[PDB]
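Computation of the quantities below employed the complete heavy-atom set of this structure, encompassing side-chain atoms and omitting hydrogens, waters and symmetry-equivalent molecules. Lettering follows sequence order; numbering is per chain, from 1.
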2 protein chains.
Amino acid sequence: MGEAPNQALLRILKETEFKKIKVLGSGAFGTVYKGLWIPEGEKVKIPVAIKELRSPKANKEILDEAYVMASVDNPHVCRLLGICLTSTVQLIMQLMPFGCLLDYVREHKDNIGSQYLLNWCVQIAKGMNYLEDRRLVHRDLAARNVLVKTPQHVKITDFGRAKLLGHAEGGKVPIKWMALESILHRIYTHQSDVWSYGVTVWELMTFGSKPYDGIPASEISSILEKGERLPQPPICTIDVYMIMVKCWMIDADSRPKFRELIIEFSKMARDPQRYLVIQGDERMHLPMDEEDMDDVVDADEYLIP
Amino acid sequence: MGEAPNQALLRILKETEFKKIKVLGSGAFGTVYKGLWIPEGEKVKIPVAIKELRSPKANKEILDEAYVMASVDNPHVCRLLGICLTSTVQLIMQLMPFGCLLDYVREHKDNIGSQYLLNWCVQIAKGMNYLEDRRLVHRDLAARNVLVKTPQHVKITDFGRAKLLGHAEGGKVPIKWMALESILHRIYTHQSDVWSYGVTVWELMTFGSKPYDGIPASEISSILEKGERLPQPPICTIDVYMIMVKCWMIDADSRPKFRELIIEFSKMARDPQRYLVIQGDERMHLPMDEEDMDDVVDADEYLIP
Ligand SMILES: */C=C/C(=O)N1CCC2(CC1)CNC(=O)c1cc(-c3ccnc(-c4cccc(OC)c4)n3)[nH]c12
Ligand SMILES: */C=C/C(=O)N1CCC2(CC1)CNC(=O)c1cc(-c3ccnc(-c4cccc(OC)c4)n3)[nH]c12
């Protein structure tokens with residue numbers, strides 16, 4: 001008995017229960033449709049996303065992704081409703097109508113204030129801390145893989161590279177989000193996800209800029225070994241940028257834990273304009289003792305293992 | 001092996017880590033203080049409530065309550081941070097600054113709109129559905145035992161009468177919230193908590209009225225056997241009152257499950273003024289295809305066992 005038994009339920013959903021299916025997009029990730037799941041004998045209509053990878057090799061890797069998603073349950077992690085057994089296997093997930101966070105921050109950069117930016121950092125850190133408690137290394141954390149249910153509520157998605165108990169084989173990888181030890185030695189831990197979280201925060205604070213724009217992926221390892229890092233965003237205070245820099249330390253144990261990031265960003269979220277300087281932050285719209293106030297943290301943001 | 005092992009952690013917290021302790025109130029429940037928990041070697045201050053029952057018999061029943069609270073983890077259920085081993089044992093919980101929901105609805109009745117009322121019904125149902133998955137019967141669900149973290153966020157509290165695997169002994173009980181089978185035969189199930197949920201919803205919709213006001217507790221059993229129930233609140237539509245009436249059925253299996261109540265109230269929460277008629281509902285302030293819209297439910301409100 002090395003590990004406890006996984007008693008998660010894999011729901012097999014009938015093809016006849018799905019209606020109004022339309023394509024949202026496609027690429028290397030595969031194909032994602034939007035649809036309407038109507039369970040039989042229940043007056044309920046559930047907006048769902050339906051994912052197909054781009055047959056034996058496709059079904060193996062997609063069912064590995066279904067295994068991980070069926071095993072997780074957290075408000076800031078994406079929910080698998082079930083799978084549909086067609087010729088190629090389909091993952092049925094909750095619909096996140098506003099899309100990925102990277103596209104959201106690019107499209108609404110003029111209406112995104114410091115409160116929303118800092119709240120997203122807290123929610124992403126809460127999702128990743130949950131994944132650490134479940135002993136999962138995500139290995140693909142980026143702004144593209146954070147989905148927006150509403151502007152106030154984001155969730156982590158895409159568990160295609162996810163692995164239990166945080167050495168990987170060779171393949172096609174997101175070099176620009178990876179820790180230096182992951183690029184050189186193929187070592188992946190929870191602390192390598194913290195590096196990726198730092199890069200994800202930098203994406204949001206720059207309003208969806210590409211990290212190391214122009215630089216090819218092969219040159220990134222040598223750039224990071226020389227001590228170069230992503231530059232300070234215009235809106236970021238030294239306080240916020242110091243947290244990103246701490247995520248990009250060479251020593252993995254020197255980096256902050258996700259529980260510490262939850263605490264630190266939630267303090268900043270109580271006084272957002274002290275930590276992010278955004279032009280026109282007041283009119284942004286999207287659809288106790290004084291001495292104590294600085295170091296105050298709510299119990300819901302102070303997470304015990 | 002009848003039941004799985006409970007691997008929950010009981011944190012023992014030092015008396016020297018608590019500061020600024022002030023009394024909030026006292027009664028039959030015991031005494032509740034507000035305070036500030038400062039963990040040693042961490043720059044963090046956590047607002048906490050500290051509960052003491054009103055010594056061997058007091059320590060036994062309070063540690064039974066600590067056992068249940070240490071075992072639960074849900075956003076709509078109250079969080080135990082730990083216990084403090086003084087002469088009489090103290091439960092350390094998260095602070096809920098706005099107090100209990102019963103007192104909140106009485107104090108702010110002029111500023112409470114249909115959106116908040118229906119959202120509270122959903123959140124309470126989510127907390128109770130979680131407790132059903134954990135095989136806990138609360139046995140004391142009422143507006144007094146729902147605490148307000150913020151006006152947008154409520155949690156269930158007080159597990160002094162909580163019991164595992166849903167026959168009780170004789171004692172002092174909340175007769176006016178109990179199911180008829182619990183009053184007559186001392187039978188307690190998850191379906192007896194649904195009756196109490198119905199009475200809790202009636203408390204909110206009447207803005208904190210006392211149920212069966214004037215009637216003594218001994219006469220309640222005979223009143224319910226005759227078919228009498230709590231009357232329809234002025235603000236309630238027939239739709240909302242039908243859900244309360246369904247909670248008060250004689251047959252426990254005919255009552256709705258908590259997962260069904262989550263679904264039904266969340267549909268109503270999308271169009272609140274169709275289901276609750278409140279004078280001046282528009283200016284209340286507290287600190288897709290058209291054919292589908294009626295039966296639409298988000299995946300987060302469609303809870304699978
Ligand atoms: C913006 C990044 C992007 O385009 N990606 C990365 C995520 C992507 C799709 C390509 C690939 N991998 C996933 O795991 C995944 C899941 C989803 C997804 C799930 C649910 N809902 C949506 C969605 C997107 C846009 C609009 C709507 O509503 C109409 C819904 N997407 N996407 C991905
Ligand atoms: C309004 C009902 C009431 O007064 N009660 C019932 C709940 C009560 C106190 C008496 C007894 N049992 C409990 O389990 C419990 C827990 C709390 C509680 C926990 C955390 N914070 C508070 C609180 C109340 C009022 C104001 C503040 O902030 C200053 C905090 N209460 N209360 C109870």
Side-chain angles (χ1 to χ4, degrees), chain A residues 4-5 7-11 13 19-20 34 36-39 42-49 70 73-76 78-82 92-97 126 130 133 149-150 152-153 155 259-260 263-264 266-267 288-289 291-305, chain B residues 4-5 7-11 13 19-20 34 36-39 42-49 70 73-76 78-82 92-97 126 130 133 149-150 152-153 155 259-260 263-264 266-267 288-289 291-305:
Chain A
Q7 309 192 70
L9 302 176
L10 181 63
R11 200 174 180 166
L13 304 178
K19 295 185 174 180
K20 304 192 176 191
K34 77 177 185 176
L36 214 66
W37 178 42
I38 301 88
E42 293 191 64
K43 192 166 179 167
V44 164
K45 298 178 184 167
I46 302 175
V48 294
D73 181 38
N74 183 266
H76 302 297
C78 270
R79 185 168 173 171
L80 185 80
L81 301 175
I92 297 85
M93 307 159 63
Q94 181 185 6
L95 195 73
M96 306 294 275
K126 281 182 179 189
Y130 174 79
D133 294 345
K149 182 191 168 175
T150 64
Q152 301 87 44
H153 195 170
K155 306 196 191 199
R259 67 177 297 283
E260 296 170 355
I263 289 167
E264 206 69 10
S266 66
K267 288 178 176 186
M288 191 170 290
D289 297 316
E291 67 192 338
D292 296 325
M293 275 193 181
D294 292 309
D295 301 318
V296 168
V297 182
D298 192 76
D300 292 320
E301 281 74 63
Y302 187 78
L303 286 86
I304 303 167
Chain B
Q7 309 192 70
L9 302 176
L10 181 63
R11 200 174 180 166
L13 304 178
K19 295 185 174 180
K20 304 192 176 191
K34 77 177 185 176
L36 214 66
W37 178 42
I38 301 88
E42 293 191 64
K43 192 166 179 167
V44 164
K45 298 178 184 167
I46 302 175
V48 294
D73 181 38
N74 183 266
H76 302 297
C78 270
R79 185 168 173 171
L80 185 80
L81 301 175
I92 297 85
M93 307 159 63
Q94 181 185 6
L95 195 73
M96 306 294 275
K126 281 182 179 189
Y130 174 79
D133 294 345
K149 182 191 168 175
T150 64
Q152 301 87 44
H153 195 170
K155 306 196 191 199
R259 67 177 297 283
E260 296 170 355
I263 289 167
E264 206 69 10
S266 66
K267 288 178 176 186
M288 191 170 290
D289 297 316
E291 67 192 338
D292 296 325
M293 275 193 181
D294 292 309
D295 301 318
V296 168
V297 182
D298 192 76
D300 292 320
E301 281 74 63
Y302 187 78
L303 286 86
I304 303 167

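Only the side chain of A:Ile263 comes within contact range of chain B, judged by heavy atoms closer than 4.5 Å. At a 4.5 Å heavy-atom cutoff, the contact between B:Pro305 and chain A is made by backbone atoms alone. Proximity to chain B (any heavy atom under 4.5 Å) is shown, for A:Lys34, by neither the backbone nor the side chain. Of the two parts of A:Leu9, only the side chain, counted from C-beta on, holds a non-hydrogen atom closer than 4.5 Å to a non-hydrogen atom of chain B. The contact between A:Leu36 and chain B is made entirely by side chain atoms (from C-beta outward), counting heavy-atom distances below 4.5 Å. Heavy-atom distances place the side chain of A:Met288, and not its backbone, under 4.5 Å from chain B.
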Return a table of donor-acceptor pairs under 3.5 angstrom between the side chains of residues 295-303 of chain B and protein atoms on other chains or two or more places apart.
residue  : atom : partner  : partner atom : Å
B:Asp298 : OD1  : A:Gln94  : NE2          : 3.3
B:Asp298 : OD2  : A:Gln94  : NE2          : 2.6
B:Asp298 : OD2  : A:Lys149 : NZ           : 3.3
B:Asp298 : OD2  : B:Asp300 : N            : 3.2
B:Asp300 : OD1  : A:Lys155 : NZ           : 2.8
B:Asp300 : OD2  : A:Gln94  : NE2          : 3.0
B:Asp300 : OD2  : A:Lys149 : NZ           : 2.7
B:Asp300 : OD2  : A:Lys155 : NZ           : 2.9
B:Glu301 : OE2  : B:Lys126 : NZ           : 2.7
B:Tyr302 : OH   : A:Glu42  : OE1          : 3.3
B:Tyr302 : OH   : A:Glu42  : OE2          : 2.8

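More than 12 heavy atoms of other shown residues, nucleotides or ligands fall within 6.0 angstrom of atom CG in A:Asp133.
With sequence neighbours excluded, the residues that form a side-chain hydrogen bond (donor to acceptor under 3.5 Å, both in side chains) with A:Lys20 are B:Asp289, B:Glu291, B:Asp292.
Interatomic distance, B:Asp294 CG to A:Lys43 NZ, rounded to the nearest 0.5 Å: 8.0 Å.
In plain terms, the two heavy atoms of B:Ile304 and A:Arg79 that are nearest each other are N-NH2, 3.8 Å.
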